[PDB]
């Protein structure tokens, strides 16, 4: 998160910290969010050979009683995810057991409504990602308020599509999701409407988020069958 604030500790109890293992490099990291006691939603580009989930964190360097370190038993990457275009950048993680409900750990289920969110409003995104181009990942959960932009603001991303994705962050400001924030939720009036997907290496906003409303049928299908 660039240009944001430290979150009040445990104030976003659905937030998930993901460690992603591959066979031929060290760990990579993403965010995510708990939508059922045994399901985390995140980005498809966060898939790996194996994933660990930590719920209940604020400072990810200091173990505390709120932590729940949970095993993932299966990854459900969107079947039409495209590594070239990055269309359909969405994935569900099924946890081996249901998480415990505590003050610091809780679900964020979707409301029944799945209305298309137009440009114009402010929304908030949280993550443990880098706080600038040359800066390491944050040890503490950070958050920032960002403007939903008209789709023409994201035209330079030649594979961006308005139907599939949100365009997030006023280009006149530095405020943005960035590397290490992948898979984290964008909340608009307390409702998850986006997932951090990608943007520019040089951090100039806007960035591209998966538009959750488009994927609600798929999410429902996976949850009901598993």
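Residue numbers count along the first chain shown, from 1.
Relative to one another, 129-137 and 84-92 have unequal mean CA B-factors, and 129-137 is the one with the higher figure.
Stretch comparison (72-80 versus 117-125) by mean CA B-factor in the PDB entry places 117-125 on top.
Among 175, 179, 49, 37, the highest C-alpha B-factor in the deposited entry belongs to 175. Per the PDB record, 21 has a higher Cα B-factor than any other of 208, 212, 21, 16. In the PDB entry, a CA B factor belonging to the lowest third of its chain's modelled residues is recorded for residue 155. Annotation for residue 192: C-alpha temperature factor in the middle third relative to the rest of the modelled chain, per the entry. Residue 56 sits in the lowest third of its chain by CA B factor, as recorded in the PDB entry. When all modelled residues of the chain are sorted by CA temperature factor, residue 65 is found within the lowest third.
When the modelled residues of the chain are ordered by their C-alpha B factor, residue 171 lands in the highest third.
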